[PDB]
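As structure tokens, one chain now follows by itself in the form deposited in one PDB entry.
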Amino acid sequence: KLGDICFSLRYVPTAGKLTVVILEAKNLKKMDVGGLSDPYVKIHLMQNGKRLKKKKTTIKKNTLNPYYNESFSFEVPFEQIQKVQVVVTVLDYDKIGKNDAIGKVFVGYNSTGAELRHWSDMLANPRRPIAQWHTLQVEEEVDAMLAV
């Protein structure tokens, strides 16, 4: 049990605007010794194993249940939207040392389960924001699905 993340997706085909709003995470795994976590969220736009664009939220202090409500937009033309992935990672911030990922999920091309459902709902409903919860998964597994 790594925790859960809630985000919205919205796609506008004419403008080729993909919006991701990071809403909140809950039940996060504790990554600090004797503490909770200092979580933040990274969003990557990917295609064919390549990281195209990267965005990140602010960092929340001393919480396993952060609220963000931070919006991010990407330019993805309508002739490409079906071929990209959006990867959402929750990490624990440390002032010194590599920030450890808690877990991650991806939506879009090659996505599965509830992630595929969320993406399909976005595509089927132009201009409509659609919010959904997702269970975080270990990075080893998600990265293997996203690679080369």
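What we label the rigid core is the largest C-alpha set whose atoms superpose within 1.5 Å from one form to the other. When you see a residue number, it is the position in the sequence shown, counting from 1. Residues that one form lacks are left out of the comparison.
The stretch 31-39 shows the higher mean C-alpha B-factor when 85-93 is compared against 31-39 in the entry.
On average the C-alpha atoms of 49-57 have higher B-factors than those of the other stretch, with 116-124 and 49-57 being the two compared. Across 98, 44, 104, 26, the entry's maximum B-factor at the CA atom is seen for 98. Per the deposited record, the Cα B-factor of residue 148 falls in the highest third when ranked against the other modelled residues of its chain.
Sort the modelled residues of the chain by CA B factor and residue 110 lands in the middle third. The PDB entry assigns residue 15 a C-alpha temperature factor belonging to the highest third of its chain's modelled residues.
The protein also exists as the form deposited with a partner chain bound; that form is not presented, and the subsequent description refers to it.
Residues placing heavy atoms within 4.5 Å of its partner chain in the deposited complex fall in a single listed stretch, namely 63-71, out of 116-124, 63-71, 101-109, 26-34. Residue contact with its partner chain in the deposited complex: residue 132 places no heavy atom within 4.5 Å of it. Proximity of residue 83 to its partner chain in the deposited complex falls outside the 4.5 Å heavy atom cutoff. Proximity of residue 19 to its partner chain in the deposited complex: non-hydrogen atoms within 4.5 Å are present. Comparing the forms between the shown form and the other one on their core, residues 96-98 form the single run of at least three in a row where every Cα shifts 2 Å or more.
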